[PDB]
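Peer 1: okay, here's the opening piece of the assembly, coordinates as they are in the complex:
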Amino acid sequence: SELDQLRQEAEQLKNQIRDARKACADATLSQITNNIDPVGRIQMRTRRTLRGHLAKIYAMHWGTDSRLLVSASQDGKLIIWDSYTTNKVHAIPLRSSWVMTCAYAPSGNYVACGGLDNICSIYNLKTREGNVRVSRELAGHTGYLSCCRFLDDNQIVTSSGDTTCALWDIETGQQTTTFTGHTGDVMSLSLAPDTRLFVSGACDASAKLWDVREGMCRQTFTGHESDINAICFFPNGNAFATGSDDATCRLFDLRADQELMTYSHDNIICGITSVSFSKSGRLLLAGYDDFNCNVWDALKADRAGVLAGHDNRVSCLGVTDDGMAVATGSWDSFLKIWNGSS
Amino acid sequence: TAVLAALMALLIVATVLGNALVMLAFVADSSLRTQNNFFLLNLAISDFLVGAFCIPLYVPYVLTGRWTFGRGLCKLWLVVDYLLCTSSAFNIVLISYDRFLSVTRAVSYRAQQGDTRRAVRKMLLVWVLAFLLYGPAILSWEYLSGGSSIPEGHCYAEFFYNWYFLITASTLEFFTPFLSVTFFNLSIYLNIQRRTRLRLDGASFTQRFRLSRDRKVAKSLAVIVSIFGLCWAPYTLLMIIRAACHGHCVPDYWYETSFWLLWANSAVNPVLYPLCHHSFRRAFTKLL
Amino acid sequence: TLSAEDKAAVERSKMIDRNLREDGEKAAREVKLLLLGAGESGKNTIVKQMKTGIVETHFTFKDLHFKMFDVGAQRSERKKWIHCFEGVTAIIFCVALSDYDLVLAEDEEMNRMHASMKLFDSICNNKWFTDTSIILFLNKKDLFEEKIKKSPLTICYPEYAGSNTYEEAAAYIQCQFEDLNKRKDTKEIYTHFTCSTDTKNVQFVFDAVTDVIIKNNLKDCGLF
Amino acid sequence: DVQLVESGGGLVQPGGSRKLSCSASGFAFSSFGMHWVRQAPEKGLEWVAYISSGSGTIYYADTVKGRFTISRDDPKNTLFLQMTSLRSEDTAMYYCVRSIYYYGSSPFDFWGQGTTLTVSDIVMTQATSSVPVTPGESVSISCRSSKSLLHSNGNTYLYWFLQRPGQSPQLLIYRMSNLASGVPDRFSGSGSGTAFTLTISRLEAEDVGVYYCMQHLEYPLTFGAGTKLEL
């Protein structure tokens, strides 16, 4: 009786939200940006190939100086690369080799990683002893760690396969806030540029916008037909793009609370692993299962170019903060740095 | 006359591009970095230079009958020709020994596989040892035996009619390599048959498939020993036989027929080792 | 053209590269085994004989190091992390023979043996384990023998025309699991009958792993 | 804590041989390159030798090359300096210095206490030998180089050290602008090309000492004469 009545009210509320989004859908982003000229053909060359990982690369993250990056492989090694020289700055042996994510702190003093061991390990890069040591092991998730991102040297957000995201106080080792509401494994998270919000994509094909300080879900974004594997905020923080196993990328707007544009092609039938934006946000770069990275025109939904330089899955990618280059990691154990030439 | 020119040109075409695909597919694919993959490349490079330098330069010696490139260039050709053919035979021993360790030292083979430092060290040892077998002997024979017995217009080794040196050199060039390849390719067959025997006793379609695969390997190992022996044994035997009788007991046209068998082996090798390899075929389709 | 510190930084990278190769060679001598199976299937008893997330077991038998990974604690979606185990030497699957007549507790109407068959079929035919051999352990053989006399095998298999002898009953179950394999040419299934008092289980794994390693080596050397 | 203890120094006869040891504790010794730097009594610093991490690269100053041998024992965490044919020019305090090299590292960050031995090229100029100072007032120290210390990679390999009376040198500024860990922000390094300035805002009693500018553009590493601050 009471349970049946309540679940009927949820359906009425869902229709109310769907009607509200349709009311403000006066135009389409495609119609708005039809007049502007296309970006043309984007040609990028492999400037660097980072060799040394002996297994599948699962994650990479640029440092904020746009020169150092950290990559994770399931050979149990975290490696920090000098991308300008291809020099290896550090090689961090992992206690558990089943790593799925890695993060570089914005300060550059810490890196984080974790996988099937259900632990987010924080590594101190600046020690008087001259070696990288574990400073914290964040336990508390009951599923695998899928993504992690530093807010500062003391705060980090983790998404897990136990359907929850958590905000951690690194100094005390305790999760201050727990973000619940996903009905599937949360696969990714992205921080807003002001680090007041973050979006997460789960295997329930939905993206939720979370308030870091308040600790609740502000908005829920649906439209994908399969698990979301990747998510990335727009550079101004007012939009985000997702990548799913249904071979599509969608651009959702925070303020309009709805999808604005879909980025898919008939030839593309493989899942999407990673998404990122260029510095101005005009380009959406997506890594795919078909061994390629497709550069999209964000405004016009045109495939601007292809980065074809890997013989296995493109597992991760990232664009520098200055926008100078894009790094692609792959299951073939190589990282490549790309940018164009005049 | 034009028939002979076409056949020699066809051999050049087959040997050059046949071993060029192996070298091209090596560069194109970045996963072909195991020790065995480097050894197949070394064999392809050794055979490629035979069809690109030795064979094209020897065509005038056949059509005209006299060497018109000078005595100084003849010594370069003799050193290169003996170096390349010997290195081809030494790579076959290196490949067969590598396949011997895949079945005997199986655990260490998988660990050491992919170490390019080990592969390059073994590759350099093949070329260096190939040069020392005939290189110094060709160059220093004239300067230590007095004069040169080679008539003007002819280009062949100073020890062409020597009896003691040919048998000694061929023992380290073909007799020992042939027995090493035969022993290595026989131990592999014995282990595969023995291993399958225990599997059947320990345990349908899977058993029938496994038995059929073993027979395919048995034929694969037999062709490798036979082709290497078929191309190299006639010329090696003729050199020793003709040396004793100084060409009286051996017809002249028999020498030329056996001379080109070794160069024919440099064209068969791309078909045998790299083509039958699982990884190289995948890299072939990627290019075409 | 490099500065004094740049050359030192390049030299440091070479030192790191040398240690990465040594770690890769050391990790290449380890046999990685993925341990799978249903609950109450002797999965824990096997680990005892072999002596919060993924559980890793290390043991050495005749100068060969085995790394066995148990992922029974991972209650998340299997497909999101099962590719992380692509490239393991072999998969160890544990099936309780005594559960042929028992009913799954959660469903209360599904036979446990059929539940193991569904788990075996998905793992064996998974796209990430096309070339991965499976070591099948059929535990509780002594308890299965006792249950056969009281309970015929027809309960689990309605289409079973065989007798109630232990040898015939056990062999029929072994064939049913091997028939679930669709990649007969690319992979092989090793089946063993284990008990609590058995001590040859480590020998069977070593023999099955050695056969798998040699076949991979022959594929890498071009013979296969 | 990070420690570097030197031993083996003492009075030796001219033409003799002596073995200096530097035992390291509290840090990953095998990861750091090591230098020997000496300082003659009432003189400035002089670099002696260098051995890299992994022992692959070894450098010597010309004045000691052929007579000194530098070696390390990574398992024992010991740094060695074998000296032969010792001359009266070798009478100095020998310092053991750790230095790690990667992008963004701070070489020459920790020095040992030093051991005293008594026996019976880019030019770095610090013209001002001494500067009278008062607490709370801003002081600037100038350094010059015969060659441009700016490399084509954008780094300017100029270092600033402070040797307080009775203490070993401590790193203040590395690569001409960066502030070493544990150094107050009042120190600031400014430079261009061949001319460099070390500015000390709100001078305190602890800042009193000798300041050395060192170039790390190329070997041999050379020090300035040193500028002394006195109250």
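Peer 2: Yep, it's here. Residues are numbered from 1 along each chain as shown, chains lettered A, B, ... in the order given.
Peer 1: residue of chain D with the smallest distance to chain C?
Peer 2: residue D:101 (3.4 Å; CB to the nearest CB). Quick note: C-beta positions are derived from backbone N, CA and C, even for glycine.
Peer 1: any idea how far residue D:70 is from that residue?
Peer 2: From residue D:101 over to residue D:70 the distance is 17 Å, taken as CB to CB, to the nearest Å.
Peer 1: got it, and residue A:173?
Peer 2: The spacing between residue A:173 and residue D:70, counted by CB to CB, is 44 Å.
Peer 1: Compare neighbour counts for those two and give me the winner.
Peer 2: Applying other CB atoms under 10 Å in any protein chain shown to residue A:173 and residue D:70 shows that residue D:70 carries more neighbours, namely 22 against 14.
Peer 1: which ones are touching the nearest residue to residue A:255 once chain neighbours are set aside?
Peer 2: The spatial neighbour of residue A:255 that comes closest, neighbours along the chain excluded (CB to CB, 6 or more residues apart in numbering or on different chains), is residue A:238 at 6.1 Å. Going by CB atoms under 8 Å, 6 or more residues apart in numbering or on different chains, residue A:238 touches A:253, A:254, A:255.
Peer 1: List the pairing partners of whichever strand or helix holds residue C:136 within its sheet, with orientation.
Peer 2: Secondary structure assignment for residue C:136, by DSSP states H and E: strand C:133-139. According to DSSP bridges, the neighbouring strands of strand C:133-139, each with its direction, are strand C:90-96 (parallel), strand C:189-193 (parallel).
Peer 1: which one of those strands is the most hemmed in?
Peer 2: Stretch with highest mean neighbour count among the strands paired with strand C:133-139: strand C:90-96 (a mean of 25; mean count of other CB atoms under 10 Å in any protein chain shown).
Peer 1: quick one: contacts of that one?
Peer 2: C:31, C:33-38, C:40-43, C:46, C:68, C:112-113, C:116, C:120, C:123, C:129, C:132-140, C:177, C:190, C:205, C:208-209, C:212.
Peer 1: Which SSE is immediately downstream of that strand?
Peer 2: Counting by DSSP H and E, what follows strand C:90-96 is helix C:112-124.
Peer 1: May I see the buried residues of that following helix?
Peer 2: Neighbour-count burial for helix C:112-124 flags C:112, C:113, C:115, C:116, C:117, C:119, C:120, C:123, C:124 (criterion: 16 or more other CB atoms under 10 Å in any protein chain shown).
Peer 1: Farthest-apart pair in these, please.
Peer 2: Considering CB to CB, no two members of these lie farther apart than C:112 and C:124, which are separated by 18.1 Å.
Peer 1: Quick one: name the residues of chain A near chain C.
Peer 2: The interface of chain A toward chain C, taken as CB under 8 Å from any CB of the partner chain, is made up of A:52, A:54, A:56, A:74-77, A:79, A:82, A:85-91, A:93, A:96, A:98, A:100, A:115-119, A:139, A:142-144, A:146, A:161-162, A:184-185, A:187, A:203, A:227.
Peer 1: show me which of those neighbour chain B.
Peer 2: Restricting the residues of chain A next to chain C to those near chain B by CB under 8 Å from any CB leaves nothing, as none qualifies.
Peer 1: Got a ChimeraX select line for the buried ones in those?
Peer 2: Selecting only the buried entries of these in ChimeraX, with 16+ other CB under 10 Å as the criterion:
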select /A:52,54,56,74,75,76,77,79,82,85,86,87,88,89,90,91,96,98,100,115,116,117,118,119,139,142,143,144,146,161,162,184,185,187,203,227
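Peer 1: Among the residues of chain A next to chain C, which ones are in strands?
Peer 2: In strands, defined here by DSSP state E, the members of the residues of chain A next to chain C are A:77, A:79, A:82, A:87-91, A:93, A:100, A:115, A:146, A:187.
Peer 1: Redo those as JSON lines? Include distance to residue B:84.
Peer 2: Listed next are these as JSON lines, based on distance: CB to CB, whole Å:
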{"residue": "A:77", "distance to residue B:84": "42"}
{"residue": "A:79", "distance to residue B:84": "42"}
{"residue": "A:82", "distance to residue B:84": "43"}
{"residue": "A:87", "distance to residue B:84": "40"}
{"residue": "A:88", "distance to residue B:84": "40"}
{"residue": "A:89", "distance to residue B:84": "45"}
{"residue": "A:90", "distance to residue B:84": "46"}
{"residue": "A:91", "distance to residue B:84": "42"}
{"residue": "A:93", "distance to residue B:84": "46"}
{"residue": "A:100", "distance to residue B:84": "51"}
{"residue": "A:115", "distance to residue B:84": "51"}
{"residue": "A:146", "distance to residue B:84": "56"}
{"residue": "A:187", "distance to residue B:84": "56"}
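Peer 1: Append chain E to the structure above:
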Amino acid sequence: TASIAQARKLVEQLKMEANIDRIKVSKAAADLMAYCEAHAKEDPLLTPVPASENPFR
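Peer 2: Putting chain E together with the chains above:
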């Protein structure tokens, strides 16, 4: 009473999401287009820089 407790929370969450202010898609689309236009020149991937200014020559 696990389902009834979860039902109240899910209904309560949908109330919070339904009370937000939504701008028009045209307004949101224009803002995205404006940001891309304003920062186009400082995007190296969109407009590749001269080789002298490229750290990855």
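Peer 1: let's see the nearest residue to residue A:255 again after adding chain E.
Peer 2: Among residues not flanking residue A:255 along the chain, residue E:23 sits closest, at 4.9 Å (CB to CB, 6+ apart).
Peer 1: residue nearest the centroid of chain D?
Peer 2: When chain D is reduced to its mean C-alpha position, the nearest residue by CA atoms, centre = their mean turns out to be residue D:37, at 5.8 Å.
Peer 1: Was I right to think that one contacts residue D:48?
Peer 2: Yes. Residue D:37 is in contact with residue D:48 according to CB atoms under 8 Å; the separation is 6.2 Å.
Peer 1: got any residues that touch both of those two?
Peer 2: residue D:94.
Peer 1: what about the residue nearest to residue B:37 when sequence neighbours are not counted, neighbour count?
Peer 2: By the measure of CB to CB, 6+ apart, the closest residue to residue B:37 outside its immediate chain neighbours is residue B:279, 6.6 Å from it. Here the count is done by other CB under 10 Å, and residue B:279 has 19 residues near it.
Peer 1: How about residue C:63?
Peer 2: Under the neighbour criterion other CB under 10 Å, residue C:63 is assigned a count of 8.
Peer 1: got the contact list for it?
Peer 2: Under the criterion of CB under 8 Å, 6+ apart, the contact list for residue C:63 reads residue B:107.
Peer 1: for it, helix, strand, or coil?
Peer 2: In three-state terms, and counting by DSSP: H, G, I helix; E, B strand; the rest coil, residue C:63 is coil.
Peer 1: Please tell me how far it sits from chain E.
Peer 2: Note on residue C:63: its distance to chain E, by CB to the nearest CB, to the nearest Å, is 47 Å.
Peer 1: ok, now residue C:67?
Peer 2: Between residue C:67 and chain E the distance, using CB to the nearest CB, works out to 39 Å.
Peer 1: Can you point out the buried residues in whichever strand or helix holds that residue?
Peer 2: When elements are defined using DSSP H and E, residue C:67 is found to belong to strand C:65-70. Residues C:66, C:67, C:68, C:69, C:70 are the ones in strand C:65-70 that count as buried (16+ other CB under 10 Å).
Peer 1: which residue sits closest to residue A:52, ignoring its sequence neighbours?
Peer 2: Looking at residue A:52 with CB to CB, 6+ apart, the closest residue is residue C:20, at 5.4 Å.
Peer 1: quick one: that neighbour is in a strand?
Peer 2: No. Counting by three-state DSSP, residue C:20 is not found in a strand; it is helix.
Peer 1: Now do the same for the residue nearest to residue B:37: helix, strand or coil?
Peer 2: Three-state assignment for residue B:279 (three-state DSSP): helix.
Peer 1: can you pull the contacts of it?
Peer 2: With contacts defined as CB under 8 Å, 6+ apart, residue B:279 is in contact with B:29, B:31, B:32, B:34, B:37, C:220.
Peer 1: Would you agree the fifth one is in contact with residue B:26?
Peer 2: Yes. The pair formed by residue B:37 and residue B:26 meets the contact definition of CB under 8 Å, at 7.1 Å.
Peer 1: More neighbours: which of those two?
Peer 2: In terms of neighbours (other CB under 10 Å), residue B:37 is the more surrounded of residue B:37 and residue B:26; the figures are 26 against 20.
Peer 1: secondary structure element for the more buried one?
Peer 2: Secondary structure here is read from DSSP H and E; on that basis residue B:37 sits in helix B:35-49.
Peer 1: And that helix, what's buried?
Peer 2: Here helix B:35-49 shows B:35-49 as buried, counting by 16+ other CB under 10 Å.
Peer 1: For residue B:232, which non-adjacent residue is closest in space?
Peer 2: Spatially, and ignoring its direct neighbours in sequence, residue B:232 is nearest to residue B:174 (5.2 Å; CB to CB, 6+ apart).
Peer 1: Roughly how far does that neighbour sit from residue B:228?
Peer 2: Per CB to CB, residue B:174 is found 9 Å from residue B:228.
Peer 1: what's the overlap in contacts for those two?
Peer 2: What both residue B:174 and residue B:228 touch, as defined by CB under 8 Å, 6+ apart, is the set residue B:89.
Peer 1: And those two? Which one has more around it.
Peer 2: A direct count of neighbours by other CB under 10 Å for residue B:174 and residue B:228 places residue B:228 higher, at 25 against 20.
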